[PDB]
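Q: Structure incoming, see below.
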Amino acid sequence: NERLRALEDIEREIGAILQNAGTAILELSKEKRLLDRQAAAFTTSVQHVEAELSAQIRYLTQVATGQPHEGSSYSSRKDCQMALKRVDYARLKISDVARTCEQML
Amino acid sequence: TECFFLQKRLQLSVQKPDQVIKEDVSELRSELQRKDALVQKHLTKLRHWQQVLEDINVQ
């Protein structure tokens with residue numbers, strides 16, 4: 001759950017770091033203010049993105065041997081399907097009884 | 001007293017069956033009204049339960 005958001009934020013930060021490095025290079029090579037701080041921030045963000053990528057790659061490696069988490073609660077799915085079918089059949093029978101009663105009265 | 005009432009019933013039936021016919025008609029009318037009321041109550045309950053199931057089966 002949180003690892004997905006972490007990887008998404010890491011990718012967004014890598015993109016932002018690339019953009020900041022490009023902008024800092026442009027501002028520094030245009031003419032010769034904040035170019036030094038911009039380059040420092042860009043280098044720091046690039047290093048942080050690299051560290052985050054290395055940490056995510058150095059994960060616990062849950063299985064890496066076969067198809068893990070086999071069985072997605074299919075029994076519960078089938079039970080819920082049968083319950084819904086029972087409810088639908090009950091509704092149909094109740095509607096039939098109601099039509100019979102309306103024809104009676 | 002019960003036997004006296006039944007003897008009165010015999011003499012009345014042999015002397016005036018129109019009263020018995022009227023009583024039978026009234027009993028049939030009352031039974032019809034009671035059956036109609038029971039059917040209406042059952043229909044109301046069934047419609048309530050149908051709406052309940054329709055609202056509960058949202059899943």
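For the structure tokens, the naming scheme is as follows: chains receive sequential letters (A, B, ...) according to their order of presentation, residues are indexed from 1 within each chain, and ligands are indexed from 1 in presentation order.
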Quick one: contact table of chain B to chain A, 8 Å max, nearest atom pair and distance in Å to one decimal per residue, counting only C-alpha atoms, chain and number order, as CSV?
A:
```
residue,atom,partner,partner_atom,distance
B:36,CA,A:105,CA,7.2
B:39,CA,A:101,CA,7.0
B:40,CA,A:105,CA,7.8
B:43,CA,A:98,CA,6.2
B:46,CA,A:94,CA,6.7
B:47,CA,A:98,CA,7.2
B:50,CA,A:91,CA,6.4
B:53,CA,A:91,CA,7.0
B:54,CA,A:91,CA,7.9
B:57,CA,A:87,CA,7.3
```
Q: Can you write out the residues you just picked, keeping N, CA and C atoms, as an mmCIF file, in the first residue's frame?
A:
```
data_model
loop_
_atom_site.group_PDB
_atom_site.id
_atom_site.type_symbol
_atom_site.label_atom_id
_atom_site.label_comp_id
_atom_site.auth_asym_id
_atom_site.auth_seq_id
_atom_site.Cartn_x
_atom_site.Cartn_y
_atom_site.Cartn_z
ATOM 1 N N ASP B 36 -60.352 -10.776 2.744
ATOM 2 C CA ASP B 36 -59.824 -9.625 2.020
ATOM 3 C C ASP B 36 -58.854 -8.830 2.884
ATOM 4 N N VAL B 39 -55.594 -10.752 3.173
ATOM 5 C CA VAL B 39 -54.850 -10.680 1.919
ATOM 6 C C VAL B 39 -54.193 -9.315 1.767
ATOM 7 N N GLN B 40 -54.904 -8.249 2.141
ATOM 8 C CA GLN B 40 -54.326 -6.912 2.045
ATOM 9 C C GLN B 40 -53.139 -6.757 2.987
ATOM 10 N N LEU B 43 -50.229 -8.612 1.513
ATOM 11 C CA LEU B 43 -49.664 -7.883 0.382
ATOM 12 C C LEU B 43 -48.826 -6.702 0.851
ATOM 13 N N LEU B 46 -45.588 -8.111 2.154
ATOM 14 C CA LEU B 46 -44.755 -8.589 1.058
ATOM 15 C C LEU B 46 -44.114 -7.434 0.304
ATOM 16 N N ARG B 47 -44.863 -6.352 0.073
ATOM 17 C CA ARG B 47 -44.289 -5.201 -0.615
ATOM 18 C C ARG B 47 -43.220 -4.529 0.236
ATOM 19 N N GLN B 50 -40.213 -6.648 -0.087
ATOM 20 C CA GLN B 50 -39.626 -6.488 -1.412
ATOM 21 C C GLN B 50 -38.786 -5.221 -1.483
ATOM 22 N N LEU B 53 -35.575 -5.808 0.499
ATOM 23 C CA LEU B 53 -34.586 -6.584 -0.244
ATOM 24 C C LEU B 53 -33.964 -5.760 -1.363
ATOM 25 N N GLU B 54 -34.773 -4.952 -2.053
ATOM 26 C CA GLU B 54 -34.240 -4.111 -3.119
ATOM 27 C C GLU B 54 -33.251 -3.087 -2.579
ATOM 28 N N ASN B 57 -29.911 -5.314 -1.270
ATOM 29 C CA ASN B 57 -29.093 -6.036 -2.235
ATOM 30 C C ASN B 57 -28.165 -5.125 -3.030
#
```
Q: Residues at most 9 Å from range 4-8 of chain A, counting only C-alpha atoms, excluding those fewer than 5 positions away in the same chain, as JSON, numbers by chain?
A: {"A": [13, 52, 53, 56]}
Q: With C-alpha atoms kept, could you save the residues just selected as a compact mmCIF listing (two decimals), in the first residue's frame?
A:
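Wrote it out as selection06.txt, contents follow:
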```txt
# COMPACT_ATOMS: atom_id res chain seq x y z
CA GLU A 13 10.90 13.50 -7.34
CA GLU A 52 15.41 6.01 -2.80
CA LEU A 53 15.74 3.89 -5.95
CA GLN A 56 13.46 0.24 -3.13
```
Q: What lies within 12 Å of residue 15 in chain A using only C-alpha atoms, ignoring chain neighbours under 5 positions off, as a PDB file with C-alpha atoms, in the first residue's frame?
A:
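Saved as part_27.pdb:
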```pdb
ATOM      1  CA  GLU A   8       5.262   7.098  -7.201  1.00  0.00           C
ATOM      2  CA  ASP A   9       6.678   9.936  -5.100  1.00  0.00           C
ATOM      3  CA  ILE A  10      10.206   8.739  -5.906  1.00  0.00           C
ATOM      4  CA  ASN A  20      15.556  21.432 -11.541  1.00  0.00           C
ATOM      5  CA  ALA A  21      18.979  20.390 -12.838  1.00  0.00           C
ATOM      6  CA  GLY A  22      18.041  21.539 -16.335  1.00  0.00           C
ATOM      7  CA  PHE A  42      19.421  19.767  -7.913  1.00  0.00           C
ATOM      8  CA  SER A  45      17.546  15.893  -5.108  1.00  0.00           C
ATOM      9  CA  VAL A  46      19.305  13.663  -7.650  1.00  0.00           C
ATOM     10  CA  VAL A  49      16.254   9.982  -5.843  1.00  0.00           C
ATOM     11  CA  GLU A  50      19.191   7.627  -6.405  1.00  0.00           C
TER      12      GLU A  50
END
```
Q: So how far away is CA of residue 57 in chain A from CA of residue 18 in chain A, in Å?
A: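 Between CA of residue 18 in chain A and CA of residue 57 in chain A the gap works out to 20.4 Å.
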Q: Work out how far apart CA of residue 52 in chain B and CA of residue 86 in chain A are and give it in Å to one decimal.
A: 14.7 Å
Q: Calculated over only C-alpha atoms, which of the candidates A:64, A:25, A:16, A:51 has the smallest distance to residue 38 in chain A?
A: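 Of A:64, A:25, A:16, A:51, the one nearest residue 38 in chain A is A:25, counting only C-alpha atoms.
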